[PDB]
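Input: a single structure, listed below in structure tokens.
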Protein chains: 6
Amino acid sequence: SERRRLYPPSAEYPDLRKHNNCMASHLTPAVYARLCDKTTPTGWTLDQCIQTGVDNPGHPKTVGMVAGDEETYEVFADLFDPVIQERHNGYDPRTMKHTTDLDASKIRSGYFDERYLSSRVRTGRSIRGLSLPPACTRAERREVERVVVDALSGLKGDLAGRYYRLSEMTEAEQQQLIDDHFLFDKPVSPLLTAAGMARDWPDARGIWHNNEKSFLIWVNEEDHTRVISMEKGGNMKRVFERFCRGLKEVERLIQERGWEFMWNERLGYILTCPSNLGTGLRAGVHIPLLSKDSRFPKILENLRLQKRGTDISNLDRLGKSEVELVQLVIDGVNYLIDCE
Amino acid sequence: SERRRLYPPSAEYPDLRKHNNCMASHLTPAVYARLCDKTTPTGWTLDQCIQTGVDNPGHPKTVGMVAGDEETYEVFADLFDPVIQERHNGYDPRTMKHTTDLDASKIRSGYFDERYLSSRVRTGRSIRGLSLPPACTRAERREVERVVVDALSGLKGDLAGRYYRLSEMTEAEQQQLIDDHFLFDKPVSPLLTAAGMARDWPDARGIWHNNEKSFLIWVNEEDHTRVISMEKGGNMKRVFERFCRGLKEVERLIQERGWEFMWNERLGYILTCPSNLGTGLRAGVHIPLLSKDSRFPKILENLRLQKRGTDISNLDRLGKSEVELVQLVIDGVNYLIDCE
Amino acid sequence: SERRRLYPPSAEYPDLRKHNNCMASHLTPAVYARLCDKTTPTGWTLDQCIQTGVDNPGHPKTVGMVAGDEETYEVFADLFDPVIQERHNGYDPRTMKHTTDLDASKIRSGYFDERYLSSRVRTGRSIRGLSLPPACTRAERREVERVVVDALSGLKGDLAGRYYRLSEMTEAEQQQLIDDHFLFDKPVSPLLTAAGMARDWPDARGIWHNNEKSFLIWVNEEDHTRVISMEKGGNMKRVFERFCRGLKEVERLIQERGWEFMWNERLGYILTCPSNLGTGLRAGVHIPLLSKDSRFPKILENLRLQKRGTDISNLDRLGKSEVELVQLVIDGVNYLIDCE
Amino acid sequence: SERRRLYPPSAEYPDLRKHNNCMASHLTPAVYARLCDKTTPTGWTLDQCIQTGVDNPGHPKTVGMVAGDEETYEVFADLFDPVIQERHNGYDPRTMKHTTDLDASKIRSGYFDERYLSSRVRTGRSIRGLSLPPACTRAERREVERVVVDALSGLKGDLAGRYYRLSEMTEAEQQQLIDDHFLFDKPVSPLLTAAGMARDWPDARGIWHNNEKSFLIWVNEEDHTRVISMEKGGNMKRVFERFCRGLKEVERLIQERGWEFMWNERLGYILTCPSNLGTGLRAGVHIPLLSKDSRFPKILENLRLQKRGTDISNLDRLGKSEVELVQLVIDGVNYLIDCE
Amino acid sequence: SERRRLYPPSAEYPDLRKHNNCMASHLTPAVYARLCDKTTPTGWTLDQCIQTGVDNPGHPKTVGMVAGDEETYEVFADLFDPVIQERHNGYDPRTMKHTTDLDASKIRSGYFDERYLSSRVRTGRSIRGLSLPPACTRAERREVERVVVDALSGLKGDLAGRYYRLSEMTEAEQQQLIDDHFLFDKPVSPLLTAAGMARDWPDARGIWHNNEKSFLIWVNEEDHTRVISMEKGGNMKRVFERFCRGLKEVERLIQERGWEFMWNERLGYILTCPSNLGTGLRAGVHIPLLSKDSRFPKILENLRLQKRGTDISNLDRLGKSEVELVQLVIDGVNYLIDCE
Amino acid sequence: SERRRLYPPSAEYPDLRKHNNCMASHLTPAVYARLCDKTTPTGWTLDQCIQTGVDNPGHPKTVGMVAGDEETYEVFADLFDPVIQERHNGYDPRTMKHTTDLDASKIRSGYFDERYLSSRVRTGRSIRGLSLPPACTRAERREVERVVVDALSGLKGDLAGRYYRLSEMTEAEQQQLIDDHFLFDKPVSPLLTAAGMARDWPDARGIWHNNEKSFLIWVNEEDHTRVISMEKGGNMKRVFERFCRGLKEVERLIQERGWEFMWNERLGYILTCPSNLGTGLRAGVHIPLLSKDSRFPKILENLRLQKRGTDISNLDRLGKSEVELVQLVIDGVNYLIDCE
């Protein structure tokens, strides 16, 4: 009968009395009740979005939310928008627009001292029309892999390379490349296992790298693609130039076959983790007189510069362009080399 | 979304831990879970059937079920069939068939001593295609009243009479006729108010009686119709003859306009209360040396005779015909007049 | 447009070229293509059933299947039936029926030497109408917890006890009871984490135990309930008697409120893991001259007896009744005490 | 809302207390209530079937029923079958099958005296896939006309002729041909105007006749087609031979383009009036010593011979073949010529 | 199940890496993905529109697109509009409107030297409500033929003529009239065959011409109709006058029976090929001192004049009216006769 | 409105008055009207099946039908079954079953004289779950190509080879391989072009051949696959052995990834052309004193042996096994070598 009553939405409300994250502080009963009936065309729902945060309370701050497809950020905008704004310290997606500028011809200077190890640029791209890793089926994941492999087969010159499937390579070489940061390990992190991003591992997961081992692409690990440009030394200019030309070539080759990267003006490039929205760029370096000092966290914070276990990196991804991302990093490290 | 979960049927199961009736002993969790999704074409559901029993626990035994239409007894047969069988001491509706025989020409003898007050025969009929009083709307109730009034307008001879609407007549004459048993009162019994049989009172409720005040019909009180033949004395033969000829005339006149009484072979005439199924007949008389004796309940029970506050009546309605009903009553009272 | 083509079912077929389990040997392309479109009324699908096996290849043998509700075993019978038959060494669900006999009055003898530690009997039950832990929502899990708690509140006498919620008890006492086998830990096993049985932990998960710490019930850990009867020594007679009376009382109390355990004649009591179907019983003891000998595995296998890290238990759950289960264990251990 | 109540079917029951038809005596409240909801795929309903009989009560006996398409006789079989059986004096459509035999090579003798005017054989056919005249739209009627005209354009030899549209020809020639029985008039009979068979007159109504004025076909007047073979004299042999060869040629030419006549084994050729079912044949002549005598109706009735205003025709159409129809007429008239 | 994933629209994107046409340069992945799901009410889709271009790459430039009905140009406007604008050198359908002026009374002068062979004016029309030749069924094509034939039967005077069906006439006369340009041939170009415009040939394809072979109509070859006015000499005045009066008469006669030509203000007369939109007019003549000269292509291009194998015709059909078309041709040829 | 009338099925009936094929003689108006509403799940209809025969009348006998998917032969069985029976001289699919026996270990003898050129064995296979070439989309065709290429990549030993895409190879080598029968040309045959089997050429069409040029596979030309085993000489045994082992290896490798060949017991291997059903095998040789004689066409007819332009082949495909096919050919040619 149609007279049977459904469970009220408040009966499904998560118990967040001991959680501390943006999801916990921005998921109110009104928002949960409003967004619980809604779903994306591919079937992604609010509970699947928030299951990561609910399962992992964390510590007093990760996002704990993922998107199943491109439409999610539009369907569940009332939930992601405050998180996107608070995580990126000011960027309101509804008000301001994001400008994408991958043209590296406008960079000024930038070269780290060789005494100071490896320079790395990383982004991530998703293929429009295919579900994101949290929601993708086996067929969609295989389609992503096929599209990426066929596109990368057309790379020529210094960008020529080979695709290495995880299922067909040994674990010893896998661990060796992981140590050399030329492979991604089986992600046992509960933050993504609860997200459903480790299903069917290692089917349709592989790596594509050029012969010089300087242009790295990770397929279906955390996003559809993870473009990495790496080099040893402090020649940030060459790394960024190769990164930009490789991204342009890859995009041209994917649109040759009719595929596009997910991208909108408001949010930029669409990725699974809302903290990776915008450009998804992470220009990093490996590099100790300014390690014991207690003012070093203060100056890195004031420089908009990120630091973690050895890995100097950035903070923002939305609002400011990729060239400005490296521009902040090179000048931020420039003020650090002088202090020695 | 379609992934929202409904309340499980066991969550709606009534609390019958302090109830004592056929509903309490025959409504098991399996039956309730099986029958809760089902509904009649007019929208009648199991909860509406059992609300009367749930609201009124009773005392250690009424039925506590009502039917909203004709299809109910077919849709919810798994619930009513054990109740119909236990209430009528053996009649299994699924196995045996009910035979209707209103032909009064096959009666033998029957006449009560004039010293021993008033003889009464009562049945009830429902018009096919219209919802029963528990589920009928205002339009359906008015349609029932119109059909009955137009049919009864064609009665001629000793059966000629007039229709008296309750809403257009005074309460004093109403109470007078109630005392003379020539009217039904505003039913304040909770066993039917909880059934929804007092809605919109007294709209579309009226009474039709002949000039001699011997043929009485009650409209929309407890069933669609309640045909009553009454006389003063012990001339049961004349009362039953008038009853049968009046029922035949009424049926012929209703089928002249295209309406039929609800009736099936398995259950007989369909009425709201399952205890009234079959023929719905109650041949009653008003009648004390056999009042103080404690064996009088025993002999009335052994005679298949029911006695209540001043009234001699019957027990069974299904399985045995209307002629047999009066046959049992006249012979049952015959063994009672001799004892004096 | 409806002229767009879906992905063929063979495009979603899992890559099982390295797996070694019942899933790998019984999931053929024909079966996968036939069962791909089907789904249970609650939305459970074949991919959700087989995700556990696909994600965890195992070693050369677990089942790798889970059920989302009661209808799964009927909807996906073509997949589970060969697995149920091969796992339980011969029991064909389609042909043979399962008989449930929890009456402990028919047990003959049974008493282990006190020199030989603890006796334990365990089963598991699921509440009909509510989804299984792999597919249950937060509301359904809370409903299960509420039903179990309200039922167990009515236990009286020796069976009287208290409910202890995991979310409201400290981790120190949790670990202490885990060591004493009076609690279940956060299940970090990848076999069930990939099944979705650790979602929203520890919401709606708790433990109910009597004052004497002999009747244990685990709520929403692996099944809806996990009834445990435990005692120190070798008096399996008392343990099984308490187990049977407690199960009878719990079933009566849940049926008072309108809830039933999932149960059908063909499969018995319905549980999430197909290896636990039938009775779900595991009568075990904790107990070394027969440890270094290499014939000890042979005699335990020939005795239909399962031995693991300290624990002596059984193998089968389907086809043979609970009384026969303990009878096998007591006689099996009896032949082991003599060898010393 | 879906809780609004429909009018009960008995509220739509026609008032037949003054009618005397086969419909009046065979339309009971049970049948009307059962058949009220049903409808043919083209939308024909029971009320449209019985409107002809209801509007024209008649005199104490026409059928008063029509069919809107081929499916009607199957959808409303419970209504038409008793009428078909009673009208055709015993032929039960449900049990008996109709055999069609248009082969005229098996006729024996047959020739009327030239002193005794005109010989006529008439049938009617309906094109499968197109609605009958009571229910046909303008497009369907035009399609019928186009199919018939294109088929008849292929007739060669003595069967060659021309199609004469009613709308494009004068009323004077129309009346002249009507008097000569070479045209059908504007049908003003209320027994078909109430049936909806005069809509859009004279659009798509025409007549096709051969040059010799011996093979006549009427299009869209009462049925889709009305094949008439006519000649002056008593040479019924030649008339029937021409009739049969013309029908065979017309059928072959319509199936050349992919059209078929409506025909089933149980009922034969499907026509609008149930009294015309089976063969639809009417072999008639125009022909006074046996006019004043009162025994003449008796001997025509005993001969299965029908006499009306000047005309000598048959009675039955179902159960007995076309050859037997003319055989009955020629022998019936033969016994009449001798009496002179 | 509805959880199965469809093929992403980019998986169906055509391989245009070798094609060179308006389809190749105007079909982007975004447009294809946006228009993939849309369809016309008759079922026409984008793939059916672009199949002609995809199957025939061409040479470095035809359109390669066809419309299945009138709604196509509205449903797939995002695809056809850039093509309509680029093909017709500037006419933007979205902004500018098309004015239809067939009135030939406004022509000034116009007469070619008899020494310089035949004058021809051609258009094409489609009947509203019937699918275009690429998408029309057999029934729709036959309906088009019937409507055109019935309309043309009413032409009187000089315009009186006869309809000649291709299927019922010999191939020798067909080839003779093709050589005399008084008939069309079976579509053998791969452009028409791949578009689906040769199905069921030659069913429902025919030709209508007046007795003088001066007013030609081609039915169901490339469009629903193709009106041709032809004469020998250079008296384009008479040819255009006859063309105008014939088109007016044909439109009036089709509108008498209730049919209309497809026509909207934005695009004009609707035809299958987008290059024929607007007026669909082609005023051509058959006509060598200006043949060997290399400046002749330059002057014909500068004169908006189109020259092909012997034939002198126009370029544009949208934006400028029919009278302007013939005015351009007569003045264009006038500047060519003087050069001799 | 829903009262609008559809075109009757007979209005869409093809004009077959000048056709001579199994389609013309077996498509009756009743069959066409019955099968016109039906459609396969992928949208294939009867008109698409019969368009090939309708467009190409042929000469007095090809089949003229194709199937769009596997379900077609079941959905339109009433049309294909008589044609399958008449084409294969007696095999009634509804009555008898087809047995598949590719085991070549049971062949006895078989070796043609080296003086007598090249021996060839050919079959064709379709991948279950993907539409046939007449109805396949671009995505389905690309999926077929991907599955076949990935399967054939696993071939090892003498069966190792390379895949050659048509779009990426030159026309000169294409024509050279066509002459050597190591490639299929652009099929310009109107029989298949009208079937829709040349759409998007040459997208997803390629050839796979081993290094020795003895094992040939044609992808997406006429069927999904066309397995060919070829060698020079009369060593039919080696050719058939290689053919059988290659087919077994290919089937095993496709079911490794989860794909199956279309195959049912009644019809055997499912292919587009009904004349290729069953085994689809054609054991051919290239081979003249028995060419001038007029008895030469007769003996091969008595040998169930087909002869065409230089080629010796077979007739039957259904009813008799692949081993029996070559057995008939080798013995049939054996009786031909002796005559010399």
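Residues in the structure tokens are numbered from 1 in each chain, the chains being A, B, ... in the order shown, and ligands are numbered from 1 in the order shown.
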When you get a sec, could you note down which chain B residues fall within 9 Å of chain A, using only C-alpha atoms, as a list in words? residues 1, 2, 3, 4, 5, 6, 7, 9, 36, 37, 38, 39, 43 and 45 of chain B
If you keep N, CA and C atoms, can you produce a file of those selected residues as a PDB file, in the first residue's frame?
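As a result, selection_18.pdb now contains:
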ATOM      1  N   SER B   1      14.403  10.222  -2.706  1.00  0.00           N
ATOM      2  CA  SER B   1      15.096   9.048  -3.222  1.00  0.00           C
ATOM      3  C   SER B   1      14.295   7.780  -2.961  1.00  0.00           C
ATOM      4  N   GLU B   2      14.565   6.743  -3.749  1.00  0.00           N
ATOM      5  CA  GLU B   2      13.913   5.454  -3.578  1.00  0.00           C
ATOM      6  C   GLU B   2      14.670   4.527  -2.638  1.00  0.00           C
ATOM      7  N   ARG B   3      15.816   4.957  -2.119  1.00  0.00           N
ATOM      8  CA  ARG B   3      16.578   4.176  -1.156  1.00  0.00           C
ATOM      9  C   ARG B   3      16.142   4.424   0.281  1.00  0.00           C
ATOM     10  N   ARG B   4      15.180   5.317   0.502  1.00  0.00           N
ATOM     11  CA  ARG B   4      14.643   5.517   1.840  1.00  0.00           C
ATOM     12  C   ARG B   4      13.848   4.292   2.273  1.00  0.00           C
ATOM     13  N   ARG B   5      14.034   3.891   3.526  1.00  0.00           N
ATOM     14  CA  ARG B   5      13.420   2.679   4.042  1.00  0.00           C
ATOM     15  C   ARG B   5      12.064   2.982   4.664  1.00  0.00           C
ATOM     16  N   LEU B   6      11.095   2.116   4.388  1.00  0.00           N
ATOM     17  CA  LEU B   6       9.791   2.205   5.017  1.00  0.00           C
ATOM     18  C   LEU B   6       9.847   1.647   6.435  1.00  0.00           C
ATOM     19  N   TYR B   7       8.857   2.017   7.230  1.00  0.00           N
ATOM     20  CA  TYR B   7       8.693   1.398   8.536  1.00  0.00           C
ATOM     21  C   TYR B   7       8.388  -0.083   8.349  1.00  0.00           C
ATOM     22  N   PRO B   9       6.727  -3.665   8.809  1.00  0.00           N
ATOM     23  CA  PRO B   9       5.346  -3.942   9.235  1.00  0.00           C
ATOM     24  C   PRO B   9       5.214  -4.264  10.710  1.00  0.00           C
ATOM     25  N   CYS B  36      -0.576  -6.349   5.529  1.00  0.00           N
ATOM     26  CA  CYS B  36      -0.495  -4.907   5.737  1.00  0.00           C
ATOM     27  C   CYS B  36      -0.301  -4.130   4.437  1.00  0.00           C
ATOM     28  N   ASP B  37       0.379  -4.707   3.443  1.00  0.00           N
ATOM     29  CA  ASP B  37       0.525  -4.013   2.165  1.00  0.00           C
ATOM     30  C   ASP B  37      -0.757  -4.046   1.343  1.00  0.00           C
ATOM     31  N   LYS B  38      -1.572  -5.083   1.505  1.00  0.00           N
ATOM     32  CA  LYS B  38      -2.740  -5.250   0.655  1.00  0.00           C
ATOM     33  C   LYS B  38      -3.805  -4.207   0.972  1.00  0.00           C
ATOM     34  N   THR B  39      -4.627  -3.905  -0.030  1.00  0.00           N
ATOM     35  CA  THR B  39      -5.719  -2.956   0.119  1.00  0.00           C
ATOM     36  C   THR B  39      -6.795  -3.267  -0.911  1.00  0.00           C
ATOM     37  N   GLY B  43      -9.634   1.442  -1.317  1.00  0.00           N
ATOM     38  CA  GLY B  43      -8.655   1.964  -0.388  1.00  0.00           C
ATOM     39  C   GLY B  43      -8.754   1.447   1.030  1.00  0.00           C
ATOM     40  N   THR B  45      -8.017  -0.752   4.186  1.00  0.00           N
ATOM     41  CA  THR B  45      -6.789  -1.409   4.610  1.00  0.00           C
ATOM     42  C   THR B  45      -7.046  -2.245   5.856  1.00  0.00           C
TER      43      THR B  45
END
7 Å contact set for region 314-324 of chain A, only C-alpha atoms, chain neighbours under 2 positions out, as a ChimeraX atom specification: /A:88,91,98-102,104,107,276-283,304-306,326-329
Got time to write the residues from that selection, N, CA and C atoms, as a tab-separated table (two decimals), in the first residue's frame?
chain	number	residue	atom	x	y	z
A	88	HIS	N	38.90	26.44	2.22
A	88	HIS	CA	39.75	27.28	1.39
A	88	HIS	C	39.75	28.74	1.85
A	91	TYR	N	36.95	31.46	-0.09
A	91	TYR	CA	36.38	31.28	-1.42
A	91	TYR	C	34.94	30.79	-1.31
A	98	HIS	N	36.06	30.90	-10.56
A	98	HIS	CA	37.43	30.42	-10.61
A	98	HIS	C	37.98	30.56	-12.03
A	99	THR	N	39.18	31.11	-12.14
A	99	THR	CA	39.84	31.30	-13.43
A	99	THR	C	40.98	30.30	-13.55
A	100	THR	N	41.01	29.57	-14.66
A	100	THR	CA	42.04	28.57	-14.93
A	100	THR	C	43.06	29.15	-15.89
A	101	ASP	N	44.33	29.13	-15.49
A	101	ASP	CA	45.43	29.66	-16.31
A	101	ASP	C	46.62	28.71	-16.17
A	102	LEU	N	46.72	27.77	-17.11
A	102	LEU	CA	47.84	26.84	-17.15
A	102	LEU	C	48.97	27.32	-18.05
A	104	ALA	N	52.21	28.69	-18.85
A	104	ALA	CA	53.42	28.89	-18.07
A	104	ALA	C	54.37	29.91	-18.70
A	107	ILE	N	55.50	32.98	-16.29
A	107	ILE	CA	56.24	32.81	-15.04
A	107	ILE	C	57.49	33.69	-15.07
A	276	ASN	N	40.49	19.32	-2.80
A	276	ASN	CA	41.32	19.30	-4.00
A	276	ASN	C	40.69	20.06	-5.16
A	277	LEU	N	39.58	20.76	-4.92
A	277	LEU	CA	38.88	21.45	-5.99
A	277	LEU	C	39.69	22.64	-6.48
A	278	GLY	N	39.26	23.20	-7.62
A	278	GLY	CA	39.93	24.33	-8.21
A	278	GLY	C	40.97	23.94	-9.23
A	279	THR	N	42.24	23.97	-8.83
A	279	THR	CA	43.33	23.52	-9.69
A	279	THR	C	43.86	22.15	-9.30
A	280	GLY	N	43.71	21.76	-8.04
A	280	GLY	CA	44.25	20.49	-7.59
A	280	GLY	C	45.75	20.42	-7.62
A	281	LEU	N	46.43	21.56	-7.70
A	281	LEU	CA	47.88	21.59	-7.86
A	281	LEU	C	48.57	21.53	-6.51
A	282	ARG	N	49.70	20.82	-6.47
A	282	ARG	CA	50.55	20.75	-5.28
A	282	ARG	C	51.99	20.77	-5.77
A	283	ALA	N	52.57	21.97	-5.83
A	283	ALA	CA	53.97	22.14	-6.21
A	283	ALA	C	54.82	22.00	-4.96
A	304	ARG	N	51.96	31.34	3.55
A	304	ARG	CA	51.00	30.46	2.88
A	304	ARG	C	51.69	29.21	2.37
A	305	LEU	N	52.62	28.69	3.17
A	305	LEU	CA	53.51	27.60	2.77
A	305	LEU	C	53.26	26.41	3.69
A	306	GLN	N	53.14	25.23	3.11
A	306	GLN	CA	52.84	24.04	3.88
A	306	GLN	C	54.09	23.19	4.10
A	326	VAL	N	52.81	28.03	-8.09
A	326	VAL	CA	54.26	27.85	-8.11
A	326	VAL	C	54.96	29.16	-7.79
A	327	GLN	N	54.38	30.29	-8.22
A	327	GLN	CA	54.96	31.59	-7.90
A	327	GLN	C	55.05	31.79	-6.40
A	328	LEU	N	54.00	31.41	-5.67
A	328	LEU	CA	54.05	31.49	-4.21
A	328	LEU	C	55.09	30.53	-3.65
A	329	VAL	N	55.20	29.33	-4.22
A	329	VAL	CA	56.13	28.34	-3.71
A	329	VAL	C	57.57	28.77	-3.94
Residue contacts of residue 185 (chain E) (8 Å, only C-alpha atoms) excluding same-chain residues fewer than 6 positions away, as a ChimeraX atom specification: /E:174-175,178
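Nearest-residue note for residue 296 (chain A): choosing from A:339, A:32, A:17, A:258, the minimum distance belongs to A:339, counting only C-alpha atoms.
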Which residues come within 8 Å of region 113-115 of chain A, counting only C-alpha atoms, excluding same-chain residues fewer than 5 positions away, as a list in words? residues 233, 234 and 337 of chain A
Can you write out the residues you just picked, keeping N, CA, C and O atoms, as a PDB file, in the first residue's frame?
ATOM      1  N   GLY A 233      66.770  17.981  -8.201  1.00  0.00           N
ATOM      2  CA  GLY A 233      67.421  19.274  -8.187  1.00  0.00           C
ATOM      3  C   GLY A 233      66.453  20.379  -7.797  1.00  0.00           C
ATOM      4  O   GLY A 233      65.437  20.133  -7.136  1.00  0.00           O
ATOM      5  N   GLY A 234      66.782  21.597  -8.216  1.00  0.00           N
ATOM      6  CA  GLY A 234      65.951  22.743  -7.909  1.00  0.00           C
ATOM      7  C   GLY A 234      65.517  23.510  -9.139  1.00  0.00           C
ATOM      8  O   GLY A 234      65.185  24.696  -9.056  1.00  0.00           O
ATOM      9  N   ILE A 337      65.613  29.866   1.574  1.00  0.00           N
ATOM     10  CA  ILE A 337      67.003  29.546   1.259  1.00  0.00           C
ATOM     11  C   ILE A 337      67.943  30.569   1.885  1.00  0.00           C
ATOM     12  O   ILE A 337      69.026  30.221   2.373  1.00  0.00           O
TER      13      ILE A 337
END
List every residue of region 163-326 of chain E that DSSP, applied to the backbone, labels as strand (DSSP E or B), and write the result as a PyMOL selection string. chain E and resi 163-165+206-210+215-219+225-232+261+263-264+268-269+278+282-285+305-307+312-314
What lies within 6 Å of residue 210 (chain D) using only C-alpha atoms, ignoring chain neighbours under 2 positions off, as a ChimeraX atom specification? /D:159-161,212-213,215
I want to know what sits within 10 Å of residue 92 (chain A), based on only C-alpha atoms, with residues of the same chain fewer than 4 positions away left out; could you give that as number ranges by chain? A: 81-86, 88, 96-97, 266-267, 318-319
Distance in Å - CA of residue 214 (chain F) versus CA of residue 181 (chain F): 11.2 Å
Please return, as an mmCIF file with C-alpha atoms, in the first residue's frame, all residues of region 16-62 of chain E that DSSP assigns to alpha helix (DSSP H) on the basis of the backbone.
data_model
loop_
_atom_site.group_PDB
_atom_site.id
_atom_site.type_symbol
_atom_site.label_atom_id
_atom_site.label_comp_id
_atom_site.auth_asym_id
_atom_site.auth_seq_id
_atom_site.Cartn_x
_atom_site.Cartn_y
_atom_site.Cartn_z
ATOM 1 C CA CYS E 22 31.126 21.573 -41.506
ATOM 2 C CA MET E 23 30.206 18.536 -39.396
ATOM 3 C CA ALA E 24 33.858 17.884 -38.542
ATOM 4 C CA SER E 25 34.556 21.517 -37.620
ATOM 5 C CA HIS E 26 31.288 22.213 -35.756
ATOM 6 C CA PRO E 29 32.427 16.810 -27.700
ATOM 7 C CA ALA E 30 30.380 19.256 -25.614
ATOM 8 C CA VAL E 31 27.768 19.687 -28.355
ATOM 9 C CA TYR E 32 27.588 15.946 -29.044
ATOM 10 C CA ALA E 33 27.206 15.146 -25.342
ATOM 11 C CA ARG E 34 24.530 17.823 -24.935
ATOM 12 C CA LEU E 35 22.498 16.734 -27.975
ATOM 13 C CA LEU E 46 21.449 13.264 -33.556
ATOM 14 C CA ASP E 47 23.244 10.129 -34.756
ATOM 15 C CA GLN E 48 20.736 9.722 -37.582
ATOM 16 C CA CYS E 49 21.335 13.375 -38.489
ATOM 17 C CA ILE E 50 25.129 13.018 -38.613
ATOM 18 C CA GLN E 51 25.350 9.503 -40.087
ATOM 19 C CA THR E 52 25.474 10.945 -43.610
ATOM 20 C CA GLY E 53 28.523 13.042 -42.765
ATOM 21 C CA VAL E 54 30.214 10.303 -40.744
ATOM 22 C CA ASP E 55 29.819 7.621 -43.421
#
Using Å and a single decimal, report how far CA of residue 284 (chain F) sits from CA of residue 122 (chain F). 8.0 Å
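Going from CA of residue 200 (chain C) to CA of residue 246 (chain C) covers 29.4 Å.
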Counting only C-alpha atoms, what is within 12 Å of residue 235 (chain F), bar same-chain residues fewer than 4 positions away, as a VMD selection string? chain F and resid 109 to 121 229 to 231 239 to 242 285 330
Would you save the residues of that selection, restricted to C-alpha atoms, as a compact mmCIF listing (two decimals), in the first residue's frame?
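In the end it all went to selection.txt:
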# COMPACT_ATOMS: atom_id res chain seq x y z
CA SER F 109 41.84 -39.17 -43.26
CA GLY F 110 41.67 -36.12 -45.52
CA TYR F 111 44.49 -34.86 -47.73
CA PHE F 112 44.18 -33.25 -51.17
CA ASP F 113 46.77 -33.72 -53.89
CA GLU F 114 49.35 -30.94 -53.97
CA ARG F 115 48.78 -30.65 -57.72
CA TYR F 116 45.12 -29.93 -56.91
CA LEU F 117 46.05 -24.76 -54.43
CA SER F 118 44.96 -23.30 -51.08
CA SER F 119 42.77 -24.81 -48.36
CA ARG F 120 40.58 -22.53 -46.25
CA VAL F 121 38.22 -22.92 -43.29
CA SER F 229 42.46 -20.69 -41.15
CA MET F 230 44.35 -20.69 -44.44
CA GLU F 231 47.27 -22.57 -45.96
CA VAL F 239 44.30 -26.40 -41.65
CA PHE F 240 41.34 -27.87 -39.77
CA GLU F 241 43.48 -28.77 -36.74
CA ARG F 242 44.85 -25.23 -36.53
CA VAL F 285 39.65 -24.95 -51.58
CA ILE F 330 37.23 -33.89 -48.35
